[PDB]
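Don't worry about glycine lacking a Cβ; one is built from the backbone with ideal geometry, like all the others, and counts go over all protein chains shown. Throughout, read-outs are computed from the coordinates displayed, never taken from laboratory work.
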Amino acid sequence: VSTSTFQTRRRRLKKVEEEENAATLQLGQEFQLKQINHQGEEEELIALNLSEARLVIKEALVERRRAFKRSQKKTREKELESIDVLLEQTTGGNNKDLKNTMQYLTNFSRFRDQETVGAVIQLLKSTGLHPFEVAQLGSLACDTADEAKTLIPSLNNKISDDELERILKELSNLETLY
Amino acid sequence: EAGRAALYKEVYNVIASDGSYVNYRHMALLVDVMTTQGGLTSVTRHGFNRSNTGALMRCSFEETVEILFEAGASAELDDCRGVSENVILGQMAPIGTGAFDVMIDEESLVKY
Amino acid sequence: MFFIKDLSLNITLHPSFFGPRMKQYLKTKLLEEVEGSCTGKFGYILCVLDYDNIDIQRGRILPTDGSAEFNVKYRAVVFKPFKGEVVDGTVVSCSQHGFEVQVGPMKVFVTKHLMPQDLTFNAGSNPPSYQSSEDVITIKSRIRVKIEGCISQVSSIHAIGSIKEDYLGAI
Amino acid sequence: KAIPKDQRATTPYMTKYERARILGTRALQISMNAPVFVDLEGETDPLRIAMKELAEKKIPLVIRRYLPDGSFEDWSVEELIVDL
Amino acid sequence: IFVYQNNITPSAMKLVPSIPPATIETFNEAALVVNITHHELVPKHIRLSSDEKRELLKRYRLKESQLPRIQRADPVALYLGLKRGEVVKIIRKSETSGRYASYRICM
Amino acid sequence: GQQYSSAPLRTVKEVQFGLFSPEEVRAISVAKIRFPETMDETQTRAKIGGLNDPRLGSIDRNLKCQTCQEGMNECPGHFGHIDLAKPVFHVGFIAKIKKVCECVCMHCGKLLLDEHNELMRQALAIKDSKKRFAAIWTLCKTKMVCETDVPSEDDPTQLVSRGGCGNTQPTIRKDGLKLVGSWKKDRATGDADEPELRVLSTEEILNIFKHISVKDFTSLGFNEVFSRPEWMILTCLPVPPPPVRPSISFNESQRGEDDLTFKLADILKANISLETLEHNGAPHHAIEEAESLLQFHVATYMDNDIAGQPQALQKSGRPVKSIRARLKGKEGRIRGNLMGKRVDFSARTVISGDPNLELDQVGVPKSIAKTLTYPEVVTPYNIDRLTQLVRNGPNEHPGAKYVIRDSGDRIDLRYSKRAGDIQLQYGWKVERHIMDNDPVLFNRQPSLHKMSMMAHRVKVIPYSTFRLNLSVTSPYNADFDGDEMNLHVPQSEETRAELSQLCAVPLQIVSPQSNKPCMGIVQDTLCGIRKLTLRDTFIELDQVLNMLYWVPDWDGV
Amino acid sequence: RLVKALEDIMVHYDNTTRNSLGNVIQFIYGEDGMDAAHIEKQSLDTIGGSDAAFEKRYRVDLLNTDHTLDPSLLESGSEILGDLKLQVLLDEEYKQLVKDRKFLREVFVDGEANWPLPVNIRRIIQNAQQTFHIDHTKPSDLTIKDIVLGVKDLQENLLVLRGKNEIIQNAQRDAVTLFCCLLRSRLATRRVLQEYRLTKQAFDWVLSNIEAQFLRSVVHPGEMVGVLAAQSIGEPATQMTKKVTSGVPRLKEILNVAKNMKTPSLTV
Amino acid sequence: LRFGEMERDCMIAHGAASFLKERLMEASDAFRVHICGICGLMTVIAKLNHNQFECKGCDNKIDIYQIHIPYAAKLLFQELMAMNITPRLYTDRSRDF
DNA sequence: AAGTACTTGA
RNA sequence: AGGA
DNA sequence: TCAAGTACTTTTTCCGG
Ligand SMILES: [Mg+2]
Ligand SMILES: [Zn+2]
Ligand SMILES: [Zn+2]
Ligand SMILES: [Zn+2]
């Protein structure tokens, strides 16, 4: 038995169209802008920029270690070793995917602190860009508005070159000095 | 309405004639079932068995293949509410014992 | 990219577990199945969030067998790669055919042909490298790739990518 | 849709069928080495163990009673009256 | 209501639905010599208001399908001048309960 | 014994009826199904890549299925296909096809009547997908002309144009599997006198049906997804897998192919004659001759008992069994295999009454208890008892026949080299003999009552008869002039609870049938009870003391 | 045919009787909402006899020296004579009894008194007597309010439908109508005191038992009443052997809704 | 022995839903098929060992359920299909009512 | 043993 | 071909 | 346009060669 979602669609006989997935912001059925949380409320898609994602997983696993011991009652190269310890505590080991993921996010995060990831999130979620672009902007370090508009082709007419270049300047200033 | 009253009277008479006794409710139900349609619905293949109940249910009495062919042709959807469908599917029919559901409550479980 | 997704897994607990550490067993079983999982539908199910608030709901007792069935409604961090996505990653494998790049839980492979012409395979190096007039792409090197396409495969997602277009390549 | 506890209107008493199915279920579970919520005062038959559990309303089961429309009222075996 | 003696020609019968929102009824004098409603077997039928029906359906969680049906042409459905969708509350005596109330929707 | 499957287990919540599109038949098809030859790869005993397993299900028992692997008990069949040389009517739909022609234009595929006719918009309004079609037909059958212009929804002076085509509509009648029309004509305003007489071809009807609008056909019975009208005409024929038409393989080198296997070969053969006939120098009559026969075989395969006399008799005289015949009432599929079933854990013998049995008990012969078995799960409560029953074996009375491990496989205590040294593990199942006080469903046929099937306590006894208390005689309607009764043994703790808690004999005493008790004192006991209770009847101490001891619940006073 | 026609009919959790379509057949099972197992032929004393004898049995007139309850019957007897407010309760009571009589006579037109009803009241009283060793000599410790009101109360708890709304509440009243005529006929003040000679405790116990018994007597949602009904007619049909076509062939004629019937006849 | 239609009736009369199921399934017929969630047919090429599921002509290697029905019913369904009728089996609802 | 549906001449 |  | 015969339909308790 495998996992299901909030998206209730009734595929009665009519198989296809399973249209291409591209950053023409044409993500899956599952990765649609208008999602629905378990409470039934319409909620927007949550896209994480690697720095933002590292903090989420870390937080989750940290709070897990907490309950795991509660129920038991009755500098990057340094964050890497610290995380590798938490995984050997909270995760069922076999999940080699999460171990690599954590190391990747640890060696690839742009913003180390929650304070830092805070400001990034405000700055970006003022643009009205789609969660995917807002994430790609935080996770990919660009200088020319062209670097960004090329790498994130979805952006093309969505923002001023100058506006994007103003953002890119402020994203670089937030960049954690490792 | 008077059709129902006569229908019972007449049915009741067959039983009491033999000198037997059947409780009202039974005879009422049959008489009511024949009646609810708006007229006199015969307890025959061309009567009751030609109502809007499920194909599999209806196919279990008198016109089998013909019923199933029509089901196919007009894309009929069996609710699977009838006893008969569940007997055909090998499922717990929504009959007495199966007219409800049983769940474990983790809350009450940890209470005891 | 890298999403937070609301999901639900149906678990079938045998009666021997209808004791007090039932929720505990269920929550643990969810993580066993779901965590580390990989679908094409949702991608890599990496980390189940908010363990302390996983919604077990009531379990319906399956009729002929004693076991009960719960729909364990939860929320997790997923990684679903797409075509057109630009990704940063570290090289892993490197041959006369191309080089594979580790990107979080998945590997994106770059063909000798999805690379610029100048960058050519140098077999004579420990370990094998790719050499441009300016760059040296080898096992530990950090690369920026444009995912050309993905192949949904069992317990993974594999993809092809280019470093041929502008703003892609060595970092 | 699920009728709220303060709006339920089905018998506050347990139906013949409910009881039979509860006992059958607990008996099956007990027989499948499930944890028993009462002192087996020498008891060995899982049905007699189940009757003992239902006797002390120490059964952690809930009857979901479906209405013809599809809605339902959930009733605990602890709360249902057993006048049967 | 047109209480006709012997017959209404098919020419004249074409004018019956020709003037809505008004409604027209044709009754053969002979049928009305005796009031059927007065008969032993014929119980009290009561027409329900749009609100009364809406409520009946709400209270029993019903779709109109699920209600027992009275035919539009039914002797009492005619006497009362029932229209399609209108509901009758039939209050009958019971050897079982004393008084039993059934309902019928029109055809 | 079926194996573990990762697939989530669910219940059938809805059955969605419909028709097969030729495209679907071709899609789901695991093979085609080109040669009438069953097997013998040029006499070499193994299936031919032509009929039965050209990738389909499997024979040989040994030798796994070629598409899935599973083999025999696990592998359901796999469907195949045969592309038909010419389209052919599905027997069951001939009249529905006729009626649809009767409703539509046999040239443009437009409904003969529409929203312009009042009686039509009235009939179109009908919600019931069958009653609406019934009323549409009665109206449109009469309309013998496809109208170009019809009077406006006001004036008969200004005639508004609906759909085109003028064409006179044929007067259709059936000629057993063939639909033949009779077009009214014109010739000097009269004619008919002598009209146009030609048969409507499957292919032309198909083409007309293909052109019928979704809105139009949806107004008729039909549904655009599961049952388009064009689907009552067969282009691609689904070939049922061996499980449907199994070869009764008597001995080694001897076939025994099913009727359906032969009837398909007939169809297949009839198809190849037509296929080659038309691809070659088509002698045009010899073609409509070869076509008609394919129509016959595809017809009789589904329904053999047709109005139009020939009964497609197998060379043996005996007519071929139709698929319709299989499903057809009492004995056969629905009624015989599904509403009713032959069942395991059932027993039957002669019944005889016992004045020494309790009302709710049933005397079971030792032999019958030694055969019937209950699957008991090894629990710490029963562990020691069960180990002894196991030790006792299948031949002693309180014994057991099998031990089923958690690890699937079933130990036959009758032959197992380890029937002695066998340590039970919790969770394992012991199949023990039916024992005193087990609940069992006892029944006397016909079964016109819920009381014709009541739950009793086992009492294992000698002698080959089921023994019953006399007062329980009446509900069953049994007597001892040689009556026989059926016994069914529950297998679940759950199932027993149903018997004991709902259908046990004492519960069944006061019946709702007549709101009075359906059991009382009979024969000897009734005859004696009068004799005993007269004013004249007095009993001496000696017998009083015996009569008192005889009451098992006697206070001792 | 009877079976296959009725198979899918059963009592639902809303006391309604529906098929596989959820189409209502009966609004309440067998018009009364009771399980036939828990029903017994009982006598409705109110229906028959002389208007005179009814009066003798049921009438209490505390304002008449010859129609008061004798102080031998209850302790209150002496202090009860002339109590105008109490007479308002005995008038209420007697008015309702006369109401019932006329109603019952509308229902059972021939005056047939014996009808199958739930709760054998005769037996509850019989049992109350041996249970409490009722002294047919000493006066009762019951008040008129104890009797009159206690019965009025018991009636409110004789639940068959539960819903909080007019439709369902009116439905409950209807379903319980007849049982209460029986109840009121058997628990009228004079009757309780003069006939049964019940004490307050005996009376309280009779009331509690009627209640408990009545509640037990209601149909169980899940009850497969369709097959039941079908078999309850089917089985007796099996034992079957002016001159009108009757027995097996008339029953045959009926179920077929046979147009060209064998013996058509009017009774003018 | 035969647990016939009339025997089925008495069991329905009693409300013994599970006992009835048991007679028709465990005590007789009972079989396991793999069905497709798109076109509710027995089409699934369940290579249950290698864990492959598939229903080519749906291209559905994913949305696949397993079901327990009497082998006679599996048969009936195959028979109805052979006769061009599609008895599509669905594990969820759409109508409500 | 009695029907439903369809077709035939006044 | 028989049995209730 | 509508009566009357036509086609043609369908069931029938339970259990050894
Ligand atoms: Mg006999
Ligand atoms: Zn296979
Ligand atoms: Zn046309
Ligand atoms: Zn499919």
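Contact map, the stretch F:215-240: first residue away from chain B (no Cβ under 13 Å), second residue acidic (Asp, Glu) and in a loop (DSSP other than H, G, I, E, B), Cβ cut-off under 9 Å, separation 6 or more or different chains; pairs are F:216/F:114. Restricted to the stretch F:470-504, and to residues there that are assigned to a loop (DSSP other than H, G, I, E, B) and over 19 Å from residue F:348 (Cα atoms), the residue that is farthest from ligand 4 (Cβ to nearest atom) is F:503.
Residues that are touching a strand residue (DSSP E or B) at 6+ places or on another chain (Cβ under 7 Å) and not small (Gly, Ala, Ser) number at least 3 in the following strands (runs of 3 or more DSSP E) confined to the stretch C:88-171: C:98-103, C:106-111, C:120-122, C:142-153, C:156-162.
Each residue in the stretch E:33-62 was checked for being over 21 Å from residue E:86 (Cβ atoms), among the hydrophobic types (A, V, I, L, M, F, W, C) and surrounded by 12 or more Cβ atoms within 10 Å (Cβ to Cβ), and 1 of them qualify. Among the residues of the stretch H:34-58, write down those that are in contact with a strand residue (DSSP E or B) (Cβ under 8 Å, 6 or more places away or on another chain) and within 7 Å of ligand 4 (Cβ to nearest atom). If the condition is that a residue be in contact with a strand residue (DSSP E or B) (Cβ under 8 Å, 6 or more places away or on another chain) and within 7 Å of ligand 4 (Cβ to nearest atom), then H:36, H:39, H:41, H:43, H:55, H:58 are the ones that fit. Between A:101, A:24, the distinction of being touching a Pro at 6+ places or on another chain (Cβ under 6 Å) and farther than 27 Å from residue C:56 by Cα belongs to A:101 only.
Being in a strand (DSSP E or B), buried (at least 17 other Cβ atoms within 10 Å of the Cβ) and of a type in the set (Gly, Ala, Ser) narrows it down to one residue among F:31, F:27, F:85; which is it?
So the residue among F:31, F:27, F:85 that is in a strand (DSSP E or B), buried (at least 17 other Cβ atoms within 10 Å of the Cβ) and of a type in the set (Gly, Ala, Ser) is F:85.
Okay, residues lined up against (1) within 7 Å of chain G (Cβ to nearest Cβ); (2) buried (at least 21 other Cβ atoms within 10 Å of the Cβ); (3) not hydroxyl-bearing (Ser, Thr, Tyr):
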residue: B:19; (1), (2), (3): no, no, yes
residue: B:39; (1), (2), (3): no, no, yes
residue: B:53; (1), (2), (3): yes, yes, no
residue: B:57; (1), (2), (3): yes, yes, yes
residue: B:61; (1), (2), (3): yes, yes, yes
residue: B:69; (1), (2), (3): no, yes, yes
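Scanning the stretch G:221-265 for residues being more than 12 Å from DNA strand I (Cβ to nearest atom) and more than 34 Å from the chain's Cα centre (by Cα) gives a total of 7.
Tallying residues that are facing chain C (nearest Cβ under 8 Å) and closer than 20 Å to residue C:106 by Cβ within the stretch A:54-91 yields 3. When F:109, F:71 are screened for being more than 14 Å from chain B (Cβ to nearest Cβ) and under 12 Å from residue F:205 (Cβ atoms), only F:109 passes.
Within the set G:176, G:206, G:219, G:192, the sole residue that is within 14 Å of another protein chain (Cβ to nearest Cβ), in contact with a helix residue (DSSP H, G or I) (Cβ under 6 Å, 6 or more places away or on another chain) and of a type in the set (A, V, I, L, M) turns out to be G:219. Note on the stretch C:30-54: among residues that are over 17 Å from the mean Cα position of the chain (by Cα) and buried (at least 17 other Cβ atoms within 10 Å of the Cβ), the one that is farthest from residue C:67 (Cα to Cα) is C:51. Can you name the residue in the stretch F:468-511 that is of a type in the set (S, T, N, Q) and within 16 Å of RNA strand J (Cβ to nearest atom) and is also nearest to residue G:235 (Cα to Cα) among such residues? The qualifying residue nearest to residue G:235 (Cα to Cα) is F:477.
Consider the stretch G:242-251 and keep the residues that are assigned to a loop (DSSP other than H, G, I, E, B) and facing another protein chain (nearest Cβ under 7 Å). The one that is farthest from residue H:10 (Cα to Cα) is G:246.
The requirement of being surrounded by 17 or more Cβ atoms within 10 Å (Cβ to Cβ) and among the aromatic types (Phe, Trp, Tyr) is fulfilled nowhere in the stretch G:119-132; no residue meets it. For the stretch F:202-210, the count of residues that are within 14 Å of another protein chain (Cβ to nearest Cβ), under 24 Å from residue F:120 (Cβ atoms), surrounded by 11 or more Cβ atoms within 10 Å (Cβ to Cβ) and touching a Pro at 6+ places or on another chain (Cβ under 7 Å) is at least one.
In the stretch G:55-86, of all residues being part of a helix (DSSP H, G or I) and surrounded by 19 or more Cβ atoms within 10 Å (Cβ to Cβ), the one that is farthest from the other protein chains (Cβ to nearest Cβ) corresponds to G:80. Just checking, does the stretch G:25-43 include any residue being at the interface with chain B (Cβ under 7 Å from one of its Cβ atoms) and over 21 Å from the mean Cα position of the chain (by Cα)? Yes; the residues of the stretch G:25-43 include at least one that is at the interface with chain B (Cβ under 7 Å from one of its Cβ atoms) and over 21 Å from the mean Cα position of the chain (by Cα).
May I ask you to verify whether residue F:64 is among the basic types (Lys, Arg) and part of a loop (DSSP other than H, G, I, E, B)? Yes. Within the stretch C:15-29, the set of residues being surrounded by fewer than 19 Cβ atoms within 10 Å (Cβ to Cβ), within 7 Å of another protein chain (Cβ to nearest Cβ) and part of a loop (DSSP other than H, G, I, E, B) comprises C:19, C:20. Going through the stretch F:80-139 one residue at a time, which ones are within 30 Å of residue F:288 (Cβ to Cβ) and of a type in the set (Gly, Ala, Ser)? Residues satisfying the conditions are F:80, F:85, F:92, F:95, F:109.
Conditions (1) outside any loop (DSSP other than H, G, I, E, B); (2) among the hydrophobic types (A, V, I, L, M, F, W, C); (3) farther than 30 Å from residue E:97 by Cα; (4) away from ligand 3 (no atom under 16 Å from the Cβ), marked per residue:
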residue: B:4; (1), (2), (3), (4): yes, no, no, yes
residue: B:10; (1), (2), (3), (4): yes, no, no, yes
residue: B:26; (1), (2), (3), (4): yes, no, no, yes
residue: B:32; (1), (2), (3), (4): yes, no, no, yes
residue: B:38; (1), (2), (3), (4): no, no, no, yes
residue: B:49; (1), (2), (3), (4): yes, no, yes, yes
residue: B:68; (1), (2), (3), (4): yes, yes, yes, yes
residue: B:86; (1), (2), (3), (4): yes, no, yes, yes
residue: B:101; (1), (2), (3), (4): yes, no, yes, yes
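Does residue F:467 meet the test of being away from ligand 4 (no atom under 16 Å from the Cβ), within 30 Å of residue F:350 (Cβ to Cβ), part of a helix (DSSP H, G or I) and basic (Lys, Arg)? Against the criterion (away from ligand 4 (no atom under 16 Å from the Cβ), within 30 Å of residue F:350 (Cβ to Cβ), part of a helix (DSSP H, G or I) and basic (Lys, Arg)), residue F:467 does not qualify.
Of F:490, F:446, F:475, all but one fail to be away from DNA strand I (no atom under 16 Å from the Cβ) and within 14 Å of chain D (Cβ to nearest Cβ); the exception is F:490. Within the stretch B:80-93, none of the residues are farther than 22 Å from residue C:64 by Cβ and either within 7 Å of another protein chain (Cβ to nearest Cβ) or of a type in the set (S, T, N, Q) (or both). Select from the stretch D:1-53 the residues that are part of a helix (DSSP H, G or I) and among the β-branched types (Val, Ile, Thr) and write down the one among them that is nearest to the other protein chains (Cβ to nearest Cβ). Applying the filter and picking the extreme gives D:25.
With the condition kept exactly as written, say whether any residue in the stretch F:155-170 is away from RNA strand J (no atom under 16 Å from the Cβ), within 21 Å of residue F:212 (Cα to Cα), within 45 Å of the chain's Cα centre (by Cα) and not charged (D, E, K, R). Yes, the stretch F:155-170 has at least one match.
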